[PDB]
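A.B. asks: Structure supplied as model.cif; contents: mmCIF, C-alpha atoms and all ligand atoms.
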data_model
loop_
_atom_site.label_atom_id
_atom_site.label_comp_id
_atom_site.auth_asym_id
_atom_site.auth_seq_id
_atom_site.Cartn_x
_atom_site.Cartn_y
_atom_site.Cartn_z
CA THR A 1 -19.66 -29.95 -8.69
CA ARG A 2 -18.10 -26.68 -9.91
CA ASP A 3 -21.41 -25.13 -10.89
CA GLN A 4 -22.21 -22.60 -8.18
CA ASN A 5 -24.86 -20.68 -10.11
CA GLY A 6 -28.01 -19.82 -8.27
CA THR A 7 -29.80 -18.03 -5.48
CA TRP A 8 -28.70 -19.44 -2.14
CA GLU A 9 -30.47 -18.93 1.17
CA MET A 10 -28.54 -19.25 4.40
CA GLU A 11 -29.53 -22.09 6.73
CA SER A 12 -26.52 -22.12 9.07
CA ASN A 13 -23.89 -19.56 10.23
CA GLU A 14 -21.18 -20.71 12.62
CA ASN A 15 -18.66 -18.40 14.28
CA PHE A 16 -19.37 -15.34 12.16
CA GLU A 17 -18.58 -13.37 15.31
CA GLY A 18 -15.11 -14.90 15.64
CA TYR A 19 -14.36 -14.27 11.97
CA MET A 20 -15.48 -10.66 12.26
CA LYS A 21 -13.52 -10.16 15.49
CA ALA A 22 -10.42 -11.55 13.75
CA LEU A 23 -10.97 -8.89 11.06
CA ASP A 24 -11.11 -6.20 13.77
CA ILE A 25 -14.66 -5.20 12.88
CA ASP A 26 -15.81 -2.96 15.71
CA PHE A 27 -18.05 -4.42 18.44
CA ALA A 28 -21.23 -2.44 17.76
CA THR A 29 -21.09 -3.36 14.08
CA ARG A 30 -20.63 -7.05 14.84
CA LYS A 31 -23.70 -7.00 17.09
CA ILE A 32 -25.80 -5.90 14.13
CA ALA A 33 -23.94 -7.52 11.29
CA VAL A 34 -24.62 -11.15 12.07
CA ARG A 35 -27.81 -12.12 10.26
CA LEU A 36 -29.16 -15.67 10.08
CA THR A 37 -31.13 -14.62 7.01
CA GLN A 38 -28.78 -14.03 4.08
CA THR A 39 -29.12 -14.48 0.33
CA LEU A 40 -26.16 -15.24 -1.91
CA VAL A 41 -26.73 -14.77 -5.64
CA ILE A 42 -24.09 -16.26 -7.89
CA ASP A 43 -23.85 -15.78 -11.65
CA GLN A 44 -21.14 -18.01 -13.09
CA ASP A 45 -20.23 -17.99 -16.77
CA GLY A 46 -17.00 -19.80 -17.53
CA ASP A 47 -14.38 -18.19 -15.33
CA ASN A 48 -16.40 -15.05 -14.72
CA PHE A 49 -18.26 -14.70 -11.44
CA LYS A 50 -20.70 -12.08 -10.27
CA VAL A 51 -21.55 -12.58 -6.61
CA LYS A 52 -24.10 -10.57 -4.68
CA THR A 53 -24.72 -11.01 -0.96
CA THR A 54 -27.90 -9.53 0.47
CA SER A 55 -29.23 -9.16 4.00
CA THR A 56 -31.23 -6.52 5.86
CA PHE A 57 -27.94 -5.22 7.25
CA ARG A 58 -25.81 -4.65 4.16
CA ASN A 59 -25.37 -5.80 0.56
CA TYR A 60 -21.92 -6.98 -0.65
CA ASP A 61 -21.24 -7.41 -4.39
CA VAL A 62 -17.99 -8.54 -6.01
CA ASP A 63 -17.07 -9.56 -9.57
CA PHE A 64 -13.99 -11.59 -10.34
CA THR A 65 -12.45 -13.84 -12.94
CA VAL A 66 -11.01 -17.14 -11.80
CA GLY A 67 -7.22 -17.07 -12.06
CA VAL A 68 -6.93 -13.29 -12.41
CA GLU A 69 -5.46 -11.45 -9.43
CA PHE A 70 -7.40 -8.35 -8.39
CA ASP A 71 -6.81 -5.70 -5.76
CA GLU A 72 -9.51 -5.11 -3.16
CA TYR A 73 -10.00 -2.25 -0.79
CA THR A 74 -12.39 -3.76 1.78
CA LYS A 75 -14.08 -0.47 2.72
CA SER A 76 -17.39 -2.17 3.54
CA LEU A 77 -15.66 -4.55 5.93
CA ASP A 78 -12.47 -4.06 7.90
CA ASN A 79 -11.17 -1.32 5.59
CA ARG A 80 -7.97 -2.93 4.27
CA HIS A 81 -6.06 -3.35 1.01
CA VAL A 82 -5.66 -6.94 -0.14
CA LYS A 83 -4.52 -8.74 -3.28
CA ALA A 84 -7.21 -11.30 -4.07
CA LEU A 85 -7.02 -14.42 -6.22
CA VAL A 86 -9.74 -17.00 -6.78
CA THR A 87 -8.79 -20.43 -8.12
CA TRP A 88 -10.06 -24.00 -8.23
CA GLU A 89 -8.68 -26.77 -6.09
CA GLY A 90 -10.62 -29.65 -7.56
CA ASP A 91 -14.23 -28.54 -7.13
CA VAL A 92 -13.46 -26.20 -4.22
CA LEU A 93 -13.32 -22.51 -5.15
CA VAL A 94 -10.57 -20.93 -3.11
CA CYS A 95 -10.00 -17.24 -2.54
CA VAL A 96 -6.78 -16.03 -1.00
CA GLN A 97 -6.69 -12.41 0.12
CA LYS A 98 -3.01 -11.52 0.57
CA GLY A 99 -2.31 -8.72 3.01
CA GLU A 100 -1.91 -7.98 6.71
CA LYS A 101 -4.10 -10.79 8.01
CA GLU A 102 -2.75 -14.30 7.66
CA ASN A 103 -4.95 -17.13 6.40
CA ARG A 104 -7.39 -14.60 4.98
CA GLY A 105 -9.81 -15.71 2.31
CA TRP A 106 -12.58 -18.16 1.76
CA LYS A 107 -13.46 -21.52 0.30
CA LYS A 108 -16.75 -22.31 -1.39
CA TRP A 109 -18.06 -25.65 -2.63
CA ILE A 110 -21.26 -27.42 -3.64
CA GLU A 111 -22.25 -30.71 -1.98
CA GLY A 112 -25.67 -31.97 -3.04
CA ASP A 113 -28.33 -29.26 -2.95
CA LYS A 114 -26.18 -27.15 -0.65
CA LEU A 115 -23.51 -24.46 -0.93
CA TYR A 116 -20.84 -24.38 1.76
CA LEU A 117 -18.81 -21.28 2.53
CA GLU A 118 -15.80 -21.20 4.84
CA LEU A 119 -14.57 -17.67 5.68
CA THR A 120 -11.13 -17.53 7.26
CA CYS A 121 -8.98 -14.95 8.97
CA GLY A 122 -6.11 -15.65 11.35
CA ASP A 123 -7.03 -18.67 13.46
CA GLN A 124 -10.76 -18.09 12.97
CA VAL A 125 -13.06 -19.98 10.64
CA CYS A 126 -16.68 -19.08 9.93
CA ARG A 127 -18.79 -21.77 8.28
CA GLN A 128 -22.00 -20.98 6.45
CA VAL A 129 -24.38 -23.33 4.69
CA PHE A 130 -26.90 -22.29 2.07
CA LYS A 131 -29.78 -24.10 0.43
CA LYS A 132 -30.54 -23.52 -3.20
CA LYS A 133 -33.74 -21.49 -3.51
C1 LIG A 201 -18.32 -16.39 -3.04
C2 LIG A 201 -18.78 -15.87 -1.77
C3 LIG A 201 -18.31 -14.68 -1.41
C4 LIG A 201 -17.38 -13.94 -2.33
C5 LIG A 201 -18.77 -14.02 -0.19
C6 LIG A 201 -18.11 -13.12 0.51
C7 LIG A 201 -18.91 -12.57 1.58
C8 LIG A 201 -18.52 -11.64 2.46
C9 LIG A 201 -17.13 -11.08 2.45
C10 LIG A 201 -19.55 -11.17 3.39
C11 LIG A 201 -19.41 -10.26 4.36
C12 LIG A 201 -20.49 -9.77 5.26
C13 LIG A 201 -21.73 -10.32 5.41
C14 LIG A 201 -22.26 -11.55 4.71
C15 LIG A 201 -22.70 -9.67 6.36
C16 LIG A 201 -22.61 -8.17 6.15
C17 LIG A 201 -21.25 -7.72 6.64
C18 LIG A 201 -20.09 -8.52 6.03
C19 LIG A 201 -19.38 -7.57 5.08
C20 LIG A 201 -19.13 -8.98 7.13
#
For this file, produce the structure as structure tokens.
Ligand SMILES: *C/C=C(C)/C=C/C=C(C)/C=C/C1=C(C)CCCC1(C)C

C.D. replies:
Amino acid sequence: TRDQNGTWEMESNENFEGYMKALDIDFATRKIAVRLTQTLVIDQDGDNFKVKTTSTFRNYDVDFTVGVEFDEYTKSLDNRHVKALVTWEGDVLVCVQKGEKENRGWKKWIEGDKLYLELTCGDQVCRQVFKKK
């Protein structure tokens, strides 16, 4: 399904370290940053998304409209400029972040009562699974 609305609680986080290392996030930050408790709050109205990610480490909010390119300056992350675009491939929501890193972006989809998130950068893939709260 394309409906990703809801409050989503992390139940699995695979290779977040590899993803972060591929982003060149500094070592001390990576040691903290990985949290197995993470809440993703998604408000979806038509093509407008408001996404908020919360953990005890840091909170990451982004708003976007599907099919509208938007520049990002990833200050809270690896500190880079990218050109972001979020589109649908079937029922998979795909973000491509064009810039220095190849294969940078994410894919998000709903399968049953679960939200799946694949974060990619370079040859690294991080896979996260969330249960609807
Ligand atoms: C639709 C889902 C989206 C837009 C999620 C994107 C999430 C991130 C870019 C999250 C990054 C981080 C954490 C979840 C932990 C805190 C540190 C970050 C920034 C690496």

A.B. asks: Just how far from atom CA of residue 15 of chain A is atom CA of residue 126 of chain A, in Å to one decimal?

C.D. replies: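 Interatomic distance, atom CA of residue 126 of chain A to atom CA of residue 15 of chain A: 4.8 Å.
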
A.B. asks: Between atom CA of residue 68 of chain A and atom CA of residue 118 of chain A, what is the spacing in Å?

C.D. replies: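 If I compute the distance from atom CA of residue 118 of chain A to atom CA of residue 68 of chain A, I get 20.9 Å.
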
A.B. asks: Could you jot down the atom CA of residue 31 of chain A to atom CA of residue 127 of chain A separation for me, Å, one decimal place?

C.D. replies: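 Pair atom CA of residue 31 of chain A / atom CA of residue 127 of chain A returns 17.9 Å.
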
A.B. asks: Quick one: everything within 9 Å of residue 123 of chain A, counting all atoms listed in the file, minus sequence neighbours fewer than 5 positions away in the same chain. Send it as a short mmCIF file (atom, residue, chain, number, x, y, z; two decimals) with C-alpha atoms, keeping the file's coordinate frame.

C.D. replies:
data_model
loop_
_atom_site.label_atom_id
_atom_site.label_comp_id
_atom_site.auth_asym_id
_atom_site.auth_seq_id
_atom_site.Cartn_x
_atom_site.Cartn_y
_atom_site.Cartn_z
CA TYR A 19 -14.36 -14.27 11.97
CA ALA A 22 -10.42 -11.55 13.75
CA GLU A 102 -2.75 -14.30 7.66
CA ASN A 103 -4.95 -17.13 6.40
#

A.B. asks: Edge lengths and centre, in Å to one decimal, as JSON: that's what I need for the box along x, y and z that holds all listed atoms of ligand LIG 201 (chain A) plus 4 Å on each side.

C.D. replies:
{"center_x": -19.9, "center_y": -12.0, "center_z": 2.0, "size_x": 13.6, "size_y": 16.8, "size_z": 18.2}

A.B. asks: Kindly provide the residues of chain A that approach ligand LIG 201 (chain A) to within 10 Å, each paired with its closest atom pair and their distance in Å to one decimal, based on all atoms listed in the file, listed by chain and increasing number, as JSON lines.

C.D. replies:
{"residue": "A:4", "atom": "CA", "partner": "A:LIG201", "partner_atom": "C1", "distance": 9.0}
{"residue": "A:10", "atom": "CA", "partner": "A:LIG201", "partner_atom": "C14", "distance": 9.9}
{"residue": "A:13", "atom": "CA", "partner": "A:LIG201", "partner_atom": "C14", "distance": 9.9}
{"residue": "A:16", "atom": "CA", "partner": "A:LIG201", "partner_atom": "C20", "distance": 8.1}
{"residue": "A:17", "atom": "CA", "partner": "A:LIG201", "partner_atom": "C20", "distance": 9.3}
{"residue": "A:19", "atom": "CA", "partner": "A:LIG201", "partner_atom": "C20", "distance": 8.6}
{"residue": "A:20", "atom": "CA", "partner": "A:LIG201", "partner_atom": "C20", "distance": 6.5}
{"residue": "A:23", "atom": "CA", "partner": "A:LIG201", "partner_atom": "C20", "distance": 9.1}
{"residue": "A:25", "atom": "CA", "partner": "A:LIG201", "partner_atom": "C20", "distance": 8.2}
{"residue": "A:29", "atom": "CA", "partner": "A:LIG201", "partner_atom": "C17", "distance": 8.6}
{"residue": "A:30", "atom": "CA", "partner": "A:LIG201", "partner_atom": "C20", "distance": 8.1}
{"residue": "A:32", "atom": "CA", "partner": "A:LIG201", "partner_atom": "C16", "distance": 8.9}
{"residue": "A:33", "atom": "CA", "partner": "A:LIG201", "partner_atom": "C16", "distance": 5.3}
{"residue": "A:34", "atom": "CA", "partner": "A:LIG201", "partner_atom": "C15", "distance": 6.2}
{"residue": "A:35", "atom": "CA", "partner": "A:LIG201", "partner_atom": "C15", "distance": 6.9}
{"residue": "A:36", "atom": "CA", "partner": "A:LIG201", "partner_atom": "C15", "distance": 9.6}
{"residue": "A:37", "atom": "CA", "partner": "A:LIG201", "partner_atom": "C14", "distance": 9.7}
{"residue": "A:38", "atom": "CA", "partner": "A:LIG201", "partner_atom": "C14", "distance": 7.0}
{"residue": "A:39", "atom": "CA", "partner": "A:LIG201", "partner_atom": "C14", "distance": 8.7}
{"residue": "A:40", "atom": "CA", "partner": "A:LIG201", "partner_atom": "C2", "distance": 7.4}
{"residue": "A:41", "atom": "CA", "partner": "A:LIG201", "partner_atom": "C2", "distance": 8.9}
{"residue": "A:42", "atom": "CA", "partner": "A:LIG201", "partner_atom": "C1", "distance": 7.5}
{"residue": "A:49", "atom": "CA", "partner": "A:LIG201", "partner_atom": "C1", "distance": 8.6}
{"residue": "A:50", "atom": "CA", "partner": "A:LIG201", "partner_atom": "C1", "distance": 8.7}
{"residue": "A:51", "atom": "CA", "partner": "A:LIG201", "partner_atom": "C4", "distance": 6.1}
{"residue": "A:52", "atom": "CA", "partner": "A:LIG201", "partner_atom": "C5", "distance": 7.8}
{"residue": "A:53", "atom": "CA", "partner": "A:LIG201", "partner_atom": "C14", "distance": 6.2}
{"residue": "A:54", "atom": "CA", "partner": "A:LIG201", "partner_atom": "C14", "distance": 7.3}
{"residue": "A:55", "atom": "CA", "partner": "A:LIG201", "partner_atom": "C15", "distance": 7.0}
{"residue": "A:56", "atom": "CA", "partner": "A:LIG201", "partner_atom": "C16", "distance": 8.8}
{"residue": "A:57", "atom": "CA", "partner": "A:LIG201", "partner_atom": "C16", "distance": 6.2}
{"residue": "A:58", "atom": "CA", "partner": "A:LIG201", "partner_atom": "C16", "distance": 5.2}
{"residue": "A:59", "atom": "CA", "partner": "A:LIG201", "partner_atom": "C16", "distance": 6.7}
{"residue": "A:60", "atom": "CA", "partner": "A:LIG201", "partner_atom": "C10", "distance": 6.3}
{"residue": "A:61", "atom": "CA", "partner": "A:LIG201", "partner_atom": "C4", "distance": 7.9}
{"residue": "A:62", "atom": "CA", "partner": "A:LIG201", "partner_atom": "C4", "distance": 6.6}
{"residue": "A:63", "atom": "CA", "partner": "A:LIG201", "partner_atom": "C4", "distance": 8.5}
{"residue": "A:64", "atom": "CA", "partner": "A:LIG201", "partner_atom": "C4", "distance": 9.0}
{"residue": "A:74", "atom": "CA", "partner": "A:LIG201", "partner_atom": "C19", "distance": 8.6}
{"residue": "A:75", "atom": "CA", "partner": "A:LIG201", "partner_atom": "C19", "distance": 9.2}
{"residue": "A:76", "atom": "CA", "partner": "A:LIG201", "partner_atom": "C19", "distance": 6.0}
{"residue": "A:77", "atom": "CA", "partner": "A:LIG201", "partner_atom": "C19", "distance": 4.9}
{"residue": "A:78", "atom": "CA", "partner": "A:LIG201", "partner_atom": "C19", "distance": 8.2}
{"residue": "A:86", "atom": "CA", "partner": "A:LIG201", "partner_atom": "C4", "distance": 9.4}
{"residue": "A:93", "atom": "CA", "partner": "A:LIG201", "partner_atom": "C1", "distance": 8.2}
{"residue": "A:94", "atom": "CA", "partner": "A:LIG201", "partner_atom": "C1", "distance": 9.0}
{"residue": "A:95", "atom": "CA", "partner": "A:LIG201", "partner_atom": "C4", "distance": 8.1}
{"residue": "A:105", "atom": "CA", "partner": "A:LIG201", "partner_atom": "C9", "distance": 8.7}
{"residue": "A:106", "atom": "CA", "partner": "A:LIG201", "partner_atom": "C3", "distance": 7.4}
{"residue": "A:107", "atom": "CA", "partner": "A:LIG201", "partner_atom": "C1", "distance": 7.8}
{"residue": "A:108", "atom": "CA", "partner": "A:LIG201", "partner_atom": "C1", "distance": 6.3}
{"residue": "A:109", "atom": "CA", "partner": "A:LIG201", "partner_atom": "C1", "distance": 9.3}
{"residue": "A:115", "atom": "CA", "partner": "A:LIG201", "partner_atom": "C1", "distance": 9.8}
{"residue": "A:116", "atom": "CA", "partner": "A:LIG201", "partner_atom": "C2", "distance": 9.4}
{"residue": "A:117", "atom": "CA", "partner": "A:LIG201", "partner_atom": "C2", "distance": 6.9}
{"residue": "A:118", "atom": "CA", "partner": "A:LIG201", "partner_atom": "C2", "distance": 9.0}
{"residue": "A:119", "atom": "CA", "partner": "A:LIG201", "partner_atom": "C6", "distance": 7.7}
{"residue": "A:128", "atom": "CA", "partner": "A:LIG201", "partner_atom": "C14", "distance": 9.6}

A.B. asks: Rank A:5, A:110, A:44, A:121 by their smallest atom-to-atom distance to residue 92 of chain A, using all atoms listed in the file, and report the top residue only.

C.D. replies: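 Closest residue, counting all atoms listed in the file: A:110.
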
A.B. asks: Name the residues in contact with residue 81 of chain A at a cut-off of 7 Å, using all atoms listed in the file, excluding same-chain residues fewer than 3 positions from it; report them as a PyMOL selection string.

C.D. replies: chain A and resi 72-74+99

A.B. asks: List as a count of residues only the protein and nucleic acid residues near residue 47 of chain A, meaning an atom at most 7 Å away when only C-alpha atoms are counted, but skip any in the same chain fewer than 2 places from it.

C.D. replies: 4

A.B. asks: Could you give me, as an mmCIF file with C-alpha atoms, keeping the file's coordinate frame, the residues that sit within 8 Å of (-4.9, -10.9, -10.3) in the file's coordinates, counting only C-alpha atoms?

C.D. replies:
data_model
loop_
_atom_site.group_PDB
_atom_site.id
_atom_site.type_symbol
_atom_site.label_atom_id
_atom_site.label_comp_id
_atom_site.auth_asym_id
_atom_site.auth_seq_id
_atom_site.Cartn_x
_atom_site.Cartn_y
_atom_site.Cartn_z
ATOM 1 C CA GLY A 67 -7.220 -17.070 -12.060
ATOM 2 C CA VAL A 68 -6.930 -13.290 -12.410
ATOM 3 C CA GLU A 69 -5.460 -11.450 -9.430
ATOM 4 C CA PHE A 70 -7.400 -8.350 -8.390
ATOM 5 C CA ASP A 71 -6.810 -5.700 -5.760
ATOM 6 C CA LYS A 83 -4.520 -8.740 -3.280
ATOM 7 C CA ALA A 84 -7.210 -11.300 -4.070
ATOM 8 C CA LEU A 85 -7.020 -14.420 -6.220
#

A.B. asks: Please determine, counting all atoms listed in the file, which residue among A:80, A:98, A:131, A:21 has the shortest atom-to-atom distance to residue 112 of chain A.

C.D. replies: A:131

A.B. asks: So which residues are close to (-31.0, -20.9, -1.9), meaning at most 7 Å away in the file's coordinates with all atoms listed in the file counted, and can you show them as a PyMOL selection string?

C.D. replies: chain A and resi 7-10+130-133

A.B. asks: From the options A:24, A:3, A:43, A:11, which residue's atoms come nearest to residue 100 of chain A, counting all atoms listed in the file?

C.D. replies: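 Result for the nearest residue to residue 100 of chain A: A:24.
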
A.B. asks: Which one of A:104, A:27, A:91, A:48 sits closest to residue 124 of chain A if you count all atoms listed in the file?

C.D. replies: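 Closest residue, counting all atoms listed in the file: A:104.
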